Amino acid sequence: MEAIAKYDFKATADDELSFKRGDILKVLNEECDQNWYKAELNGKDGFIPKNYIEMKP
Amino acid sequence: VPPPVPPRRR
C-alpha cells in the first residue's frame, strides 16, 4: 500500500519512526490502530500517523 | 502547520 508523507514528522515513541514531507513508505499492515500505520523506511519498520500521510492502495 | 498527532496507546 503506497504511502506518501504529506508532512514532516519525527518519532515520539520508540516503536515509531521519522519521515520527512515526501517520503514514500511501505504500509506493511495495520491492526486496531485507526490513527497509526505500521509502514517501512530506512530499513526500519514503525508507527506513523494516518493524518500525516496520504495513502494510495 | 502539520496536523495534531492522534493520542495513541500502542
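No lab work stands behind these numbers, since they all come straight from the coordinates. Cβ: placed from backbone, ideal geometry, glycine included. Neighbour counts: every protein chain shown.
Just to be sure I understand, how many residues within segment A:3-15 are in contact (Cβ under 8 Å) with a residue 12 or more places away in the chain, more than 8 Å from every other protein chain (Cβ to nearest Cβ) and closer than 18 Å to B:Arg8 by Cα? The total comes to 1.
Any chance segment A:33-43 includes a residue that's within 10 Å of chain B (Cβ to nearest Cβ) and more than 16 Å from B:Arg10 (Cβ to Cβ)? No - not one qualifying residue is present in segment A:33-43.
Screening chain A for strands (runs of 3 or more DSSP E) wholly inside it with 3 or more residues that are under 10 Å from the mean Cα position of the chain (by Cα), surrounded by 13 or more Cβ atoms within 10 Å (Cβ to Cβ) and at negative phi returns the ranges A:2-5, A:24-27, A:36-41, A:44-49.
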